[PDB]
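Visitor: An experimental structure, sequence included, is below.
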Amino acid sequence: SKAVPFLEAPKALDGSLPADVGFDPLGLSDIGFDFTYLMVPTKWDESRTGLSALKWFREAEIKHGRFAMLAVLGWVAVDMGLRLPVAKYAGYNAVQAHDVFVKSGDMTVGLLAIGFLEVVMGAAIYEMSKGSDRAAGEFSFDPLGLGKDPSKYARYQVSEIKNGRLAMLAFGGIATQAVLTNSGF
Amino acid sequence: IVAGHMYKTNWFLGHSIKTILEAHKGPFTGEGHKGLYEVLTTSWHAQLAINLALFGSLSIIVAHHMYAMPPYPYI
Amino acid sequence: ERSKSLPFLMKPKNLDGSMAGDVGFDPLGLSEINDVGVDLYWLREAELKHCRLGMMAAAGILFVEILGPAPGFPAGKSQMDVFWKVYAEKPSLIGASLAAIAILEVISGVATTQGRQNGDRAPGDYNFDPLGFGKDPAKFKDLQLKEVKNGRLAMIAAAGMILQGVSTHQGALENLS
Amino acid sequence: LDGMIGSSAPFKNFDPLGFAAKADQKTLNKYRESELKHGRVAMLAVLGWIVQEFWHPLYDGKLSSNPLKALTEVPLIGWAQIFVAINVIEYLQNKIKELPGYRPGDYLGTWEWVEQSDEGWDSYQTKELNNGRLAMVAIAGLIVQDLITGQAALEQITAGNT
Amino acid sequence: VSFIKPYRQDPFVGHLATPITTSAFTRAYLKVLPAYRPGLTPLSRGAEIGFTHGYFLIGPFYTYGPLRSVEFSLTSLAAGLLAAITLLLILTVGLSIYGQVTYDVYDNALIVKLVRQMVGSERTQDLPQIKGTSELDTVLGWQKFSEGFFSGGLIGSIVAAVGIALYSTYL
Ligand code: CLA
Ligand code: CLA
Ligand SMILES: C/C(C=C=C1C(C)(C)C[C@H](O)C[C@@]1(C)O)=C/C=C/C(C)=C/C=C/C=C(C)/C=C/C=C(/C=C/[C@@]12O[C@]1(C)C[C@@H](O)CC2(C)C)CO
Ligand SMILES: CC(/C=C/C=C(C)/C=C/[C@@]12O[C@]1(C)C[C@@H](O)CC2(C)C)=C\C=C\C=C(C)\C=C\C=C(C)\C=C\[C@@]12O[C@]1(C)C[C@@H](O)CC2(C)C
Ligand SMILES: CC(/C=C/C=C(C)/C=C/[C@@]12O[C@]1(C)C[C@@H](O)CC2(C)C)=C\C=C\C=C(C)\C=C\C=C(C)\C=C\[C@@]12O[C@]1(C)C[C@@H](O)CC2(C)C
């Protein structure tokens, strides 16, 4: 491997996935369970060859990274003010805004909307398991167009996954610390 | 309603009663329940036997639970 | 091969291009259902009926809230609560409307099943063009697209109005401001 | 440590101290007999420990629910009858042991019917052996805990003496 | 695996080799019983059977008889003992008449071979036939079996009465 040199490799981390360095001490990328069956419990389709656990884990990692990046942006925003131009959003930090907004019937709306988007893109994941050429985390979302020049696309890929790992860990710290750089415990 | 989503009817979902019965063999019972699905899907008399026996037993259970726990006002 | 609406999804097999408003938005593959008497024909007929019903309901709510009720009818600006005031004083009107809608819906279901069986009637077609606004082609497709888009928007709008009236117990534009 | 039944996934042919690498077939049969007897007795002992703790209908209540205390409260003439019954059972087992084709722990004589054993039969025998081993460990722990602490299983757990 | 098979590889017998008919436990348990224990004369088999049977027969008569006593009574014990002894006498009478009407042999396991070898052209049922080769299947064998049953029944009933008296007195 290129990290943890005293372990050769998991088994499936050949390098076909971006941002691959070989770091997987527990060998989690070799579970034979096709996690698409957590969505569609049965084979359903006779053409459902199956999805490798590594590809499902890559999709989950990309989704986690995007969620964590947006989450740290939002949590940092509400520490330095920046409230929505509307009533009922006064100042109630981030450690308490979640509960007060769950009370005020709009976190349920956010849950519904996020679930709608998640269901559509999980249908995309299921089609990938069925055998579509779509790669993990690829929703073909390039509106501004900074995704051409394949070298730039690969660099931005590795950038996104590394930034997502950093943002996951940073959000874990921020939520655990209740923020120290911009507020108090 | 939950119990009604058990047997495979028209989708790739649910159970086949033939596969359930045929898998319930044992050292003491030889082939086990193999062929029981064919018996109960080709003989009305076997279905009538099972249904009537369990139906009479259910009627007796109903009779017991009636006076035991009176379910109607002023009964 | 990829759906026009969702580029990360393959083209839904049953939705090629024919129906107005077709952009390939079938992430769950519901167009491939062929059971319990439900298929693409039935789904399209249900969608068109929903579109028309939502258009009528949204137009009615907006009309009553903006221009006020007709003479002799109750007011209140809450369309989800003024229904009980109409029923409290004119129950026969509500009952007759319900009976008429029931008969028309029985006819609609019979027509849907028949047209599905001996294919001669497009889904949602009831030969209702008294003013001849869609006689010629090359305008019928545009009118179908307009109807489908307006009906989907009015479906969403009418569901929103129903929920707002049930929860807030206030008018639609009252909730707006 | 042979093709014997009882080898499971966590530690296949578990003989770290090499007790079986030097023993002949007779000593290994003796070891299997001892293991199976210990496992069965321990399963009975664990079940009795728990059930006695939360249910002792006999002897008109009394017979304190803590084991190792009811051991000294049985009329001691019921102890004799249990001892004699166990003795007669083991005399019968000894008589079984000389029947032709005898297998170490097989007192049902399954060798009469089971020629060319399957994988289900071996798996069930391994299940019995593993449950017996777990019950041996559990009953040893039960007795030791009751000795050092003085409370029974469900009593020590309920209080929180862990 | 299958734990039920035809008995002794004969699918036409009215019997089966179940885990109860032909289990090692069944084999040993029935081979340690007096009726089938090897090395016992018919008198010894009868004596052991009678001892056990009188021993457990005095129980119900003494406990639930017409002269019970919640405390220990010598009259209750005597009544139970006499009832048990008379029941053993009735059983011995039945054994005697059964043996009288069943067998006509004085030495078995031979007559069968003699008539299978030296021919049996006689009235049969004594030379030929002969069901069972046990020593209990003879006129002499069954007579000694009944005698042993009767004597052992008396002795076992007396022993059980003594034990009951000791248990009721010293406990
Ligand atoms: C993980 C993402 C995430 C989540 C869950 C939240 C959650 C919240 N934010 Mg928030 N925020 C985020 C990221 C996030 N933020 C980011 C990245 C920014 C910077 C741009 C902000 C800036 C921000 C401000 C300025 C304010 C909030 C506020 C709030 C709170 C009120 C909103 C509410 O009740 O739910 C409403 C429902 C949701 C938030 C669910 C999101 C559903 C979206 C709208 C669906 C569409 C997503 C979008 C299209 C994604 C595109 C990707 C793909 C389609 C291509 C709530 C706790 C307000 C507050 O009072 O907080 C204390 C407030 O004033 N946030
Ligand atoms: C090693 C096994 C073992 C031993 C030594 C004891 C010892 C004792 N038990 Mg006990 N018990 C056991 C297992 C055991 N138990 C099991 C497995 C259960 C669950 C059914 C119970 C349930 C139980 C209750 C409910 C009670 C006792 C009680 C008692 C005490 C009085 C004796 C009595 O009445 O027993 C009674 C025993 C039984 C009713 C069940 C015994 C069934 C045996 C163990 C299985 C068959 C044995 C068979 C003859 C030999 C196996 C054949 C083959 C494998 C070779 C005494 C300390 C009494 C007491 O005072 O509690 C404090 C009391 O009330 N026990
Ligand atoms: C078997 C069948 C028909 C058929 C067939 C045939 C005949 C065999 C022919 C074919 O061959 C096959 C088939 C299947 O088509 C089935 C019939 C259909 C059903 C089962 C009818 C259901 C209709 C229910 C509706 C549409 C009710 C809506 C309720 C509303 C309430 C309105 C409110 O204002 C109220 C009252 C209170 C207010 O506070 C607020 C709200 C809540 C908004 C909105 O409107
Ligand atoms: C532990 C953790 C991450 C641990 C990472 C580790 C050890 C990584 C170690 C390594 O990298 C190094 C060091 C070096 C590498 O070479 C090797 C490895 C091994 C790879 C994240 C926790 C992450 C923990 C998280 C994210 C917990 C979040 C909790 C939240 C957000 C709570 C939200 C609330 O809603 C509630 C629940 C209630 C509301 O009332 C209030 C609020 C607060 C709003
Ligand atoms: C069903 C109906 C009304 C039903 C109303 C109901 C149930 C309401 C009931 C309630 O309010 C009450 C009572 C009391 C409340 O407490 C309870 C409810 C339940 C709320 C009216 C039909 C009304 C039906 C009408 C008006 C029919 C008119 C028919 C015409 C003109 C026919 C013409 C032709 O027949 C010729 C002449 C020649 C033919 O060849 C051609 C044609 C054209 C077909």
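Guide: Structure's in. What do you need? Residues are numbered from 1 along each chain as shown, chains lettered A, B, ... in the order given. Ligands and ions are numbered 1, 2, ... in the order given.

Visitor: Give me every residue in chain C lying close to ligand 3.
Guide: By Cβ under 6 Å from any ligand atom, the residues of chain C that approach ligand 3 are C:80, C:83, C:106, C:109, C:110, C:113, C:162, C:166. In this view, the C-beta of every residue, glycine as well, is placed from N, C-alpha and C.

Visitor: let's go with 8 Å and repeat that
Guide: Contact residues (Cβ under 8 Å from any ligand atom) of chain C with ligand 3: C:37, C:80-81, C:83-84, C:105-106, C:108-110, C:112-113, C:162, C:165-166.

Visitor: Wondering if the host helix or strand of residue D:135 reaches ligand 2 at all.
Guide: Using DSSP states H and E, residue D:135 falls within helix D:119-149. No. Shown here: helix D:119-149 not in contact with ligand 2 (Cβ under 8 Å from any ligand atom), separated by at least 8.7 Å.

Visitor: Please pick the buried ones from the residues of chain C next to ligand 3.
Guide: Among the residues of chain C next to ligand 3, those classed as buried by 16 or more other Cβ atoms under 10 Å in any protein chain shown are C:80, C:112, C:162, C:165.

Visitor: My guess is the first one contacts residue C:160. True?
Guide: So that's residue C:80. No. In this structure, residue C:80 is not within contact of residue C:160 by Cβ atoms under 8 Å, at 11.8 Å.

Visitor: Just say helix, strand or coil for the residue lying closest to residue A:165 once chain neighbours are set aside.
Guide: Of all residues not flanking residue A:165 in the chain, residue A:65 sits nearest, at 6.5 Å (Cβ to Cβ, 6 or more residues apart in numbering or on different chains). Classification of residue A:65 using DSSP: H, G, I helix; E, B strand; the rest coil returns helix.

Visitor: what ranges do the helices span in the chain?
Guide: Went with chain A since none was named. A:53-79, A:97-103, A:107-130, A:150-177 (DSSP state H).

Visitor: wait, chain D
Guide: Secondary structure of chain D (DSSP H): helices located at D:25-54, D:78-97, D:119-149, D:153-159.

Visitor: Could I get the buried residue list for the second one?
Guide: Meaning helix D:78-97. Residues of helix D:78-97 classed as buried by neighbour count (16+ other Cβ under 10 Å): D:92, D:93, D:95, D:96, D:97.

Visitor: CSV please, covering those and showing distance to residue E:133.
Guide: What follows is the buried residues of helix D:78-97, written out as CSV (distance: Cβ to Cβ, whole Å):
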residue, distance to residue E:133
D:92, 26
D:93, 30
D:95, 23
D:96, 26
D:97, 28
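
Visitor: Output the residues you listed in JSON lines; the columns should cover distance to chain A.
Guide: What follows is the buried residues of helix D:78-97, written out as JSON lines (distance: Cβ to the nearest Cβ, whole Å):
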{"residue": "D:92", "distance to chain A": "49"}
{"residue": "D:93", "distance to chain A": "46"}
{"residue": "D:95", "distance to chain A": "51"}
{"residue": "D:96", "distance to chain A": "46"}
{"residue": "D:97", "distance to chain A": "46"}
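
Visitor: Can you pick out the most distant pair from those?
Guide: Greatest spatial distance among those (Cβ to Cβ): D:92 and D:97, at 9.9 Å.

Visitor: Tell me the helix or strand right after the helix or strand harbouring residue C:142.
Guide: Here residue C:142 sits within helix C:140-168, counting by DSSP H and E. Proceeding N to C from helix C:140-168, the next assigned helix or strand is helix C:172-176, under DSSP H and E.

Visitor: Run the contact check for that next one versus chain A.
Guide: No. Judged by Cβ under 8 Å from any Cβ of the partner chain, helix C:172-176 makes no contact with chain A; its nearest approach is 13.3 Å.

Visitor: hmm, back to that, which among the helices of chain D is found nearest to ligand 4?
Guide: Nearest to ligand 4 among these is helix D:153-159; the distance by Cβ to the nearest ligand atom comes to 30.9 Å.
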